[PDB]
Amino acid sequence: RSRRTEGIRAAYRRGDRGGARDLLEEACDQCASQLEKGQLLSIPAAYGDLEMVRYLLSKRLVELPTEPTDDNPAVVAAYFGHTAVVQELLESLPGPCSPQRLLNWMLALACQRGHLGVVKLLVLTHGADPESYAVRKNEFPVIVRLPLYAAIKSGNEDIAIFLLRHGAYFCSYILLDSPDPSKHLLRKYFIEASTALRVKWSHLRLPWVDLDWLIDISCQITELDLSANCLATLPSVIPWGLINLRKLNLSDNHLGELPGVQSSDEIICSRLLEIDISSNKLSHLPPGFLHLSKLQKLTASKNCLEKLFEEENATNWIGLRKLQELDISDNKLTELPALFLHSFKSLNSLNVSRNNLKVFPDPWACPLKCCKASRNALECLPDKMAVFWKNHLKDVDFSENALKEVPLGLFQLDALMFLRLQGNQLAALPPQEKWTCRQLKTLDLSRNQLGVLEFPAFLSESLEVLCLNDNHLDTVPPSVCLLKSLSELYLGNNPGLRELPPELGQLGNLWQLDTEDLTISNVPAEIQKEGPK
Amino acid sequence: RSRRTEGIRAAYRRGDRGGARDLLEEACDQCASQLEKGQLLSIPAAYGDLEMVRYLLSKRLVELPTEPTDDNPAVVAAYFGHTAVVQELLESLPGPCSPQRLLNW
């Protein structure tokens, strides 16, 4: 019975493809069982006769088993690198549950064999996992069955780098077991030369890095992006042992602590211009940052910070003097001591929102163009805003806080035009005659205990949106009639209202109105149902 | 709580895509449950903002439910013919068992 197989094989062994066709048809008629038909389909696939595979799949309708074995026709097709036969067989697999197990098995087989095209088609077209194990039944998930490891250990560097560029990751075993080719790939295929290189080792899940990998080129730059991985520690050279770095991305990792310094003498990276250490597990920043006078951006948000810096209230700090951006939001800071904060001179953007802050930091003469401190427990704001930021601050977000009254200073500002002052307990404003926010475009004064609200007449040409929903409003303040230029208004969530003023019709620019759960006595039900227009 | 949705929708209703981004990030921080995140992903997909769908799938890592419902972000993406958004969402589906049921729907 098995002879039929050999006979067909004989026809292919001598190159007699037509005789192989005849013997194959005879066996298919005599091969009723699924295993025998699968073997018949394996014969030409192993040989490489794509045409006869097509005939068997199309006319004989031969089933393609999903067993991840070397007897499988697709496995042998991948074994010999016959990409056309592999795709032809894989197309015949029925049902939605694509048999990934077979795909990983043949993927690792191709990686071991060196058939790059088969690996490419499997991973890119059929979605075979480049980071799972090609493990069969009664087999263990050993790294030898992992396709990147099998590719690089086999000497198939091209397949390994292709896998890395198309979803594979490095791990401790790769670096420890094959450090030479691993460092070769790290030192070649992630380098953007510019000397002052730009090396992107991020998104590689590297559990550790070594000076041995690139410190030889620390003359100007070794690397810049080490984010998006599982790093838990660093050499101190990575912070400050490199000469002409300009940007470092040390974010999105397990770096709960960064190496520190004893003085500025230990810092060689005096040229750093931005640093990204967010999305880490930091409780405080190292004081070495307080020696980088040239650093222009620091972003240490998405951390567990309790303080910006340790209480070094004696040292002549010069660093961060020219810092423009400090983003330390999404942290657990209750106090922002005036020491380090007043050491700044060039800050313009301060993002300290989403913290446990209760007192806004004691202000100082520094040109803040924008400040976000919402999602805090802030009780009040300083009165020196108009002293320092009268001509600088444009965006303010002190909303969602425990604040009860905004002093006149915020509204005495001139450059201020973007106000988010909701989510507070404020119930009364400073008199409108004291307001100098001529450039005001958006005023979000919702979600508070405000009732009368007054506006400068100048805002007749300035405001584009005004939010006053969800307040203690029983009657619309008549001052709204001033705001001809207003385009969007909220008045909903005010159950005490019954009259909609006629003067709102004078506000020509209106296109939308929050009429949510507002019953208007002086408007018929039909007009209310039709909408704001 | 539902207001967040409408607020983001408002930003897209007037064409304010950056304001929609800000409101979307705020809601994502305040939307922990899978259904709320799926709704947040449905908003731009129904609108057609492929960029914000990409940001949600890549950065926020928003889960894509396999329920064959008109609330599904991919279903609404197919509803308005936004082919790019449909492929972007369908690429995010994990695992080997490709949810054919959603695909037929």
# chains A, B, ... in the order shown; residues from 1 in each chain; ligands from 1
>>> closest_atom_pairs(of="chain B", to="chain A", cutoff="10 Å", atoms="only C-alpha atoms", output="CSV")
residue,atom,partner,partner_atom,distance
B:14,CA,A:512,CA,9.5
B:95,CA,A:100,CA,9.1
B:96,CA,A:100,CA,6.1
B:97,CA,A:97,CA,4.7
B:98,CA,A:96,CA,6.1
B:99,CA,A:96,CA,7.5
B:100,CA,A:96,CA,6.1
B:101,CA,A:96,CA,9.3
>>> select_by_dssp(residues="stretch 52-103 of chain B", states="alpha helix (DSSP H)", output="ChimeraX atom specification")
/B:52-55,73-79,83-91,100-103
>>> residues_around(residues="stretch 491-496 of chain A", least_positions_apart="3", cutoff="6 Å", atoms="only C-alpha atoms", output="JSON, numbers by chain")
{"A": [468, 469, 470, 473, 474, 514, 515, 516]}
>>> write_last_selection(atoms="N, CA, C and O atoms", output="compact mmCIF listing (two decimals), in the first residue's frame")
# COMPACT_ATOMS: atom_id res chain seq x y z
N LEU A 468 -21.24 78.39 31.12
CA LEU A 468 -21.82 78.70 32.42
C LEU A 468 -22.86 77.67 32.84
O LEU A 468 -23.72 77.96 33.67
N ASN A 469 -22.79 76.46 32.29
CA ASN A 469 -23.71 75.42 32.69
C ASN A 469 -23.32 74.84 34.05
O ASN A 469 -22.19 74.99 34.52
N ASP A 470 -24.28 74.18 34.69
CA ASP A 470 -24.05 73.44 35.93
C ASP A 470 -23.57 74.38 37.03
O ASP A 470 -22.53 74.18 37.66
N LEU A 473 -27.52 78.96 39.00
CA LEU A 473 -28.14 80.01 38.20
C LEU A 473 -29.65 79.84 38.22
O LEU A 473 -30.17 78.81 37.79
N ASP A 474 -30.35 80.86 38.71
CA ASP A 474 -31.80 80.94 38.65
C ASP A 474 -32.29 81.89 37.56
O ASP A 474 -33.38 81.69 37.03
N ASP A 514 -26.52 75.35 24.82
CA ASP A 514 -26.77 74.18 25.66
C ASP A 514 -28.13 74.35 26.32
O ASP A 514 -28.24 74.97 27.39
N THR A 515 -29.16 73.80 25.70
CA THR A 515 -30.52 73.86 26.22
C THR A 515 -30.88 72.61 27.02
O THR A 515 -32.06 72.25 27.09
N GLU A 516 -29.89 71.96 27.63
CA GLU A 516 -30.13 70.69 28.30
C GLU A 516 -30.95 70.89 29.57
O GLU A 516 -30.53 71.61 30.48
>>> residues_around(residues="residue A:107", least_positions_apart="2", cutoff="10 Å", atoms="only C-alpha atoms", output="MDAnalysis selection string")
chainID A and resid 75 78:79 101:105 109:113 115:116 118:123 128:130 133:134 145:147
>>> write_last_selection(atoms="C-alpha atoms", output="compact mmCIF listing (two decimals), in the first residue's frame")
# COMPACT_ATOMS: atom_id res chain seq x y z
CA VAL A 75 6.04 22.45 6.56
CA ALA A 78 8.78 25.88 3.84
CA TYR A 79 11.62 23.41 4.43
CA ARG A 101 0.71 26.74 15.70
CA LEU A 102 1.62 25.38 12.27
CA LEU A 103 2.65 28.89 11.20
CA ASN A 104 5.09 29.32 14.11
CA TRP A 105 6.50 25.85 13.50
CA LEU A 109 11.91 26.06 10.46
CA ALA A 110 12.43 28.68 7.75
CA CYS A 111 14.50 30.85 10.09
CA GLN A 112 16.73 27.87 10.88
CA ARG A 113 16.97 26.94 7.19
CA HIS A 115 14.63 30.78 3.53
CA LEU A 116 14.09 34.49 4.06
CA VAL A 118 9.18 32.11 3.53
CA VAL A 119 9.83 33.89 6.84
CA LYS A 120 8.76 37.21 5.31
CA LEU A 121 5.52 35.84 3.85
CA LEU A 122 4.68 33.96 7.05
CA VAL A 123 5.22 36.86 9.45
CA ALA A 128 2.93 34.33 12.42
CA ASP A 129 4.21 35.48 15.81
CA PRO A 130 7.92 36.47 15.69
CA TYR A 133 7.80 29.47 20.45
CA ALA A 134 7.76 26.98 17.57
CA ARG A 145 12.39 27.39 18.71
CA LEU A 146 12.17 31.21 18.83
CA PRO A 147 12.59 32.61 15.28
>>> residues_around(residues="stretch 285-294 of chain A", least_positions_apart="5", cutoff="9 Å", atoms="only C-alpha atoms", output="JSON, numbers by chain")
{"A": [239, 240, 257, 258, 259, 260, 261, 262, 263, 264, 266, 267, 269, 270, 271, 272, 273, 300, 305, 307, 308, 309, 310, 312, 317, 318, 319, 320, 321, 322, 323, 340]}
>>> write_last_selection(atoms="C-alpha atoms", output="mmCIF file, in the first residue's frame")
data_model
loop_
_atom_site.group_PDB
_atom_site.id
_atom_site.type_symbol
_atom_site.label_atom_id
_atom_site.label_comp_id
_atom_site.auth_asym_id
_atom_site.auth_seq_id
_atom_site.Cartn_x
_atom_site.Cartn_y
_atom_site.Cartn_z
ATOM 1 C CA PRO A 239 23.149 60.290 32.365
ATOM 2 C CA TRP A 240 26.309 62.398 32.114
ATOM 3 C CA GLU A 257 16.209 55.524 40.097
ATOM 4 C CA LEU A 258 18.738 57.359 37.924
ATOM 5 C CA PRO A 259 22.478 57.533 38.729
ATOM 6 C CA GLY A 260 23.423 60.715 40.554
ATOM 7 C CA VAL A 261 26.532 62.858 40.952
ATOM 8 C CA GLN A 262 28.499 64.340 43.835
ATOM 9 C CA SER A 263 29.303 67.561 41.950
ATOM 10 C CA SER A 264 29.363 69.164 38.517
ATOM 11 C CA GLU A 266 31.324 64.293 37.420
ATOM 12 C CA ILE A 267 29.109 65.668 34.611
ATOM 13 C CA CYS A 269 27.156 65.909 29.290
ATOM 14 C CA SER A 270 27.086 69.683 29.669
ATOM 15 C CA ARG A 271 25.410 70.135 26.255
ATOM 16 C CA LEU A 272 22.077 68.409 26.965
ATOM 17 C CA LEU A 273 19.164 70.454 25.597
ATOM 18 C CA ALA A 300 9.386 63.884 34.207
ATOM 19 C CA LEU A 305 7.383 61.957 42.395
ATOM 20 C CA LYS A 307 9.420 66.249 45.238
ATOM 21 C CA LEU A 308 11.159 67.786 42.251
ATOM 22 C CA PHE A 309 14.567 67.552 43.948
ATOM 23 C CA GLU A 310 16.008 66.552 47.291
ATOM 24 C CA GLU A 312 19.592 70.852 48.641
ATOM 25 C CA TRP A 317 22.701 75.554 41.735
ATOM 26 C CA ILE A 318 23.144 77.001 38.239
ATOM 27 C CA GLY A 319 21.462 74.302 36.175
ATOM 28 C CA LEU A 320 17.956 74.616 34.736
ATOM 29 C CA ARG A 321 18.403 78.407 34.754
ATOM 30 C CA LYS A 322 17.622 78.483 31.019
ATOM 31 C CA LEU A 323 14.960 75.757 31.206
ATOM 32 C CA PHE A 340 14.322 75.231 43.046
#
>>> residues_around(residues="stretch 65-77 of chain B", least_positions_apart="2", cutoff="8 Å", atoms="only C-alpha atoms", output="count of residues only")
22
>>> residues_around(residues="residue A:425", least_positions_apart="4", cutoff="12 Å", atoms="only C-alpha atoms", output="ChimeraX atom specification")
/A:377-380,399-406,421,429,445-451,471-472
>>> decode(residues="stretch 103-137 of chain A", atoms="N, CA, C and O atoms", output="PDB file, in the first residue's frame")
ATOM      1  N   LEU A 103       1.929  27.749  11.758  1.00  0.00           N
ATOM      2  CA  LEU A 103       2.647  28.892  11.202  1.00  0.00           C
ATOM      3  C   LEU A 103       3.922  29.189  11.984  1.00  0.00           C
ATOM      4  O   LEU A 103       4.972  29.428  11.383  1.00  0.00           O
ATOM      5  N   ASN A 104       3.862  29.172  13.320  1.00  0.00           N
ATOM      6  CA  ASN A 104       5.088  29.324  14.105  1.00  0.00           C
ATOM      7  C   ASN A 104       6.068  28.193  13.839  1.00  0.00           C
ATOM      8  O   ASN A 104       7.280  28.431  13.742  1.00  0.00           O
ATOM      9  N   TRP A 105       5.580  26.951  13.742  1.00  0.00           N
ATOM     10  CA  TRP A 105       6.502  25.846  13.504  1.00  0.00           C
ATOM     11  C   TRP A 105       7.262  26.043  12.197  1.00  0.00           C
ATOM     12  O   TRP A 105       8.501  25.992  12.166  1.00  0.00           O
ATOM     13  N   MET A 106       6.540  26.313  11.108  1.00  0.00           N
ATOM     14  CA  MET A 106       7.221  26.500   9.834  1.00  0.00           C
ATOM     15  C   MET A 106       8.007  27.805   9.793  1.00  0.00           C
ATOM     16  O   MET A 106       9.003  27.888   9.070  1.00  0.00           O
ATOM     17  N   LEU A 107       7.604  28.814  10.569  1.00  0.00           N
ATOM     18  CA  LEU A 107       8.371  30.050  10.651  1.00  0.00           C
ATOM     19  C   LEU A 107       9.749  29.790  11.238  1.00  0.00           C
ATOM     20  O   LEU A 107      10.768  30.213  10.681  1.00  0.00           O
ATOM     21  N   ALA A 108       9.795  29.099  12.378  1.00  0.00           N
ATOM     22  CA  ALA A 108      11.082  28.778  12.982  1.00  0.00           C
ATOM     23  C   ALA A 108      11.882  27.844  12.090  1.00  0.00           C
ATOM     24  O   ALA A 108      13.112  27.947  12.018  1.00  0.00           O
ATOM     25  N   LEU A 109      11.204  26.924  11.400  1.00  0.00           N
ATOM     26  CA  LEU A 109      11.905  26.060  10.457  1.00  0.00           C
ATOM     27  C   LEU A 109      12.584  26.882   9.368  1.00  0.00           C
ATOM     28  O   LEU A 109      13.751  26.655   9.034  1.00  0.00           O
ATOM     29  N   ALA A 110      11.860  27.849   8.801  1.00  0.00           N
ATOM     30  CA  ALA A 110      12.430  28.684   7.748  1.00  0.00           C
ATOM     31  C   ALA A 110      13.572  29.537   8.281  1.00  0.00           C
ATOM     32  O   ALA A 110      14.586  29.726   7.599  1.00  0.00           O
ATOM     33  N   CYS A 111      13.424  30.067   9.497  1.00  0.00           N
ATOM     34  CA  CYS A 111      14.501  30.850  10.093  1.00  0.00           C
ATOM     35  C   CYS A 111      15.754  30.005  10.285  1.00  0.00           C
ATOM     36  O   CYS A 111      16.870  30.467  10.019  1.00  0.00           O
ATOM     37  N   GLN A 112      15.590  28.764  10.748  1.00  0.00           N
ATOM     38  CA  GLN A 112      16.733  27.868  10.884  1.00  0.00           C
ATOM     39  C   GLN A 112      17.342  27.547   9.524  1.00  0.00           C
ATOM     40  O   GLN A 112      18.569  27.480   9.386  1.00  0.00           O
ATOM     41  N   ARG A 113      16.498  27.347   8.511  1.00  0.00           N
ATOM     42  CA  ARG A 113      16.973  26.940   7.193  1.00  0.00           C
ATOM     43  C   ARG A 113      17.599  28.097   6.426  1.00  0.00           C
ATOM     44  O   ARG A 113      18.520  27.882   5.630  1.00  0.00           O
ATOM     45  N   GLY A 114      17.116  29.316   6.646  1.00  0.00           N
ATOM     46  CA  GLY A 114      17.597  30.480   5.931  1.00  0.00           C
ATOM     47  C   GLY A 114      16.741  30.928   4.767  1.00  0.00           C
ATOM     48  O   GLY A 114      17.177  31.799   4.006  1.00  0.00           O
ATOM     49  N   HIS A 115      15.544  30.365   4.601  1.00  0.00           N
ATOM     50  CA  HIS A 115      14.630  30.777   3.535  1.00  0.00           C
ATOM     51  C   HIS A 115      13.936  32.070   3.958  1.00  0.00           C
ATOM     52  O   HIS A 115      12.873  32.077   4.581  1.00  0.00           O
ATOM     53  N   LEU A 116      14.568  33.190   3.600  1.00  0.00           N
ATOM     54  CA  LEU A 116      14.090  34.492   4.058  1.00  0.00           C
ATOM     55  C   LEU A 116      12.711  34.814   3.497  1.00  0.00           C
ATOM     56  O   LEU A 116      11.878  35.403   4.196  1.00  0.00           O
ATOM     57  N   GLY A 117      12.455  34.455   2.238  1.00  0.00           N
ATOM     58  CA  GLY A 117      11.158  34.751   1.649  1.00  0.00           C
ATOM     59  C   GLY A 117      10.015  34.077   2.382  1.00  0.00           C
ATOM     60  O   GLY A 117       8.956  34.677   2.590  1.00  0.00           O
ATOM     61  N   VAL A 118      10.211  32.821   2.782  1.00  0.00           N
ATOM     62  CA  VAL A 118       9.180  32.107   3.526  1.00  0.00           C
ATOM     63  C   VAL A 118       8.918  32.789   4.863  1.00  0.00           C
ATOM     64  O   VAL A 118       7.763  32.965   5.267  1.00  0.00           O
ATOM     65  N   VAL A 119       9.983  33.187   5.563  1.00  0.00           N
ATOM     66  CA  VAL A 119       9.831  33.888   6.836  1.00  0.00           C
ATOM     67  C   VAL A 119       9.055  35.183   6.635  1.00  0.00           C
ATOM     68  O   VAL A 119       8.146  35.516   7.409  1.00  0.00           O
ATOM     69  N   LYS A 120       9.412  35.934   5.593  1.00  0.00           N
ATOM     70  CA  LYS A 120       8.758  37.206   5.309  1.00  0.00           C
ATOM     71  C   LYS A 120       7.269  37.010   5.054  1.00  0.00           C
ATOM     72  O   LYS A 120       6.426  37.691   5.651  1.00  0.00           O
ATOM     73  N   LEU A 121       6.928  36.071   4.172  1.00  0.00           N
ATOM     74  CA  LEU A 121       5.523  35.843   3.855  1.00  0.00           C
ATOM     75  C   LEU A 121       4.757  35.349   5.075  1.00  0.00           C
ATOM     76  O   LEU A 121       3.611  35.752   5.300  1.00  0.00           O
ATOM     77  N   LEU A 122       5.373  34.484   5.881  1.00  0.00           N
ATOM     78  CA  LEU A 122       4.682  33.961   7.053  1.00  0.00           C
ATOM     79  C   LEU A 122       4.396  35.061   8.065  1.00  0.00           C
ATOM     80  O   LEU A 122       3.266  35.187   8.552  1.00  0.00           O
ATOM     81  N   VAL A 123       5.402  35.871   8.394  1.00  0.00           N
ATOM     82  CA  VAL A 123       5.219  36.858   9.453  1.00  0.00           C
ATOM     83  C   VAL A 123       4.360  38.027   8.978  1.00  0.00           C
ATOM     84  O   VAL A 123       3.540  38.548   9.741  1.00  0.00           O
ATOM     85  N   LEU A 124       4.519  38.456   7.724  1.00  0.00           N
ATOM     86  CA  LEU A 124       3.853  39.666   7.256  1.00  0.00           C
ATOM     87  C   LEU A 124       2.458  39.407   6.701  1.00  0.00           C
ATOM     88  O   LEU A 124       1.545  40.201   6.952  1.00  0.00           O
ATOM     89  N   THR A 125       2.267  38.321   5.956  1.00  0.00           N
ATOM     90  CA  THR A 125       0.982  38.031   5.327  1.00  0.00           C
ATOM     91  C   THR A 125       0.054  37.210   6.209  1.00  0.00           C
ATOM     92  O   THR A 125      -1.137  37.520   6.296  1.00  0.00           O
ATOM     93  N   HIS A 126       0.571  36.173   6.867  1.00  0.00           N
ATOM     94  CA  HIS A 126      -0.240  35.284   7.689  1.00  0.00           C
ATOM     95  C   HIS A 126      -0.141  35.582   9.179  1.00  0.00           C
ATOM     96  O   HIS A 126      -0.774  34.881   9.975  1.00  0.00           O
ATOM     97  N   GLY A 127       0.632  36.590   9.575  1.00  0.00           N
ATOM     98  CA  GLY A 127       0.666  37.005  10.964  1.00  0.00           C
ATOM     99  C   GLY A 127       1.250  35.997  11.925  1.00  0.00           C
ATOM    100  O   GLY A 127       0.801  35.917  13.072  1.00  0.00           O
ATOM    101  N   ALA A 128       2.238  35.218  11.494  1.00  0.00           N
ATOM    102  CA  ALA A 128       2.933  34.333  12.418  1.00  0.00           C
ATOM    103  C   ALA A 128       3.693  35.158  13.450  1.00  0.00           C
ATOM    104  O   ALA A 128       4.302  36.182  13.130  1.00  0.00           O
ATOM    105  N   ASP A 129       3.653  34.707  14.705  1.00  0.00           N
ATOM    106  CA  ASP A 129       4.208  35.482  15.806  1.00  0.00           C
ATOM    107  C   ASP A 129       5.731  35.412  15.751  1.00  0.00           C
ATOM    108  O   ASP A 129       6.288  34.305  15.809  1.00  0.00           O
ATOM    109  N   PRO A 130       6.447  36.540  15.644  1.00  0.00           N
ATOM    110  CA  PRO A 130       7.915  36.467  15.685  1.00  0.00           C
ATOM    111  C   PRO A 130       8.481  36.306  17.084  1.00  0.00           C
ATOM    112  O   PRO A 130       9.702  36.159  17.222  1.00  0.00           O
ATOM    113  N   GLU A 131       7.642  36.328  18.123  1.00  0.00           N
ATOM    114  CA  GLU A 131       8.096  36.325  19.508  1.00  0.00           C
ATOM    115  C   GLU A 131       7.489  35.197  20.333  1.00  0.00           C
ATOM    116  O   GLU A 131       7.580  35.229  21.566  1.00  0.00           O
ATOM    117  N   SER A 132       6.881  34.199  19.692  1.00  0.00           N
ATOM    118  CA  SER A 132       6.379  33.015  20.374  1.00  0.00           C
ATOM    119  C   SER A 132       7.314  31.843  20.083  1.00  0.00           C
ATOM    120  O   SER A 132       8.352  32.024  19.429  1.00  0.00           O
ATOM    121  N   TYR A 133       6.956  30.652  20.558  1.00  0.00           N
ATOM    122  CA  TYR A 133       7.800  29.472  20.450  1.00  0.00           C
ATOM    123  C   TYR A 133       7.231  28.509  19.422  1.00  0.00           C
ATOM    124  O   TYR A 133       6.031  28.218  19.422  1.00  0.00           O
ATOM    125  N   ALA A 134       8.108  28.019  18.546  1.00  0.00           N
ATOM    126  CA  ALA A 134       7.758  26.984  17.575  1.00  0.00           C
ATOM    127  C   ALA A 134       7.852  25.619  18.254  1.00  0.00           C
ATOM    128  O   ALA A 134       8.689  24.773  17.934  1.00  0.00           O
ATOM    129  N   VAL A 135       6.952  25.414  19.211  1.00  0.00           N
ATOM    130  CA  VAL A 135       6.961  24.241  20.075  1.00  0.00           C
ATOM    131  C   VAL A 135       5.833  23.317  19.639  1.00  0.00           C
ATOM    132  O   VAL A 135       4.681  23.748  19.510  1.00  0.00           O
ATOM    133  N   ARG A 136       6.173  22.054  19.395  1.00  0.00           N
ATOM    134  CA  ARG A 136       5.195  21.040  19.046  1.00  0.00           C
ATOM    135  C   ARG A 136       4.770  20.281  20.300  1.00  0.00           C
ATOM    136  O   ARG A 136       5.246  20.541  21.408  1.00  0.00           O
ATOM    137  N   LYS A 137       3.855  19.334  20.121  1.00  0.00           N
ATOM    138  CA  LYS A 137       3.471  18.472  21.228  1.00  0.00           C
ATOM    139  C   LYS A 137       4.648  17.589  21.629  1.00  0.00           C
ATOM    140  O   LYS A 137       5.426  17.131  20.786  1.00  0.00           O
TER     141      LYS A 137
END
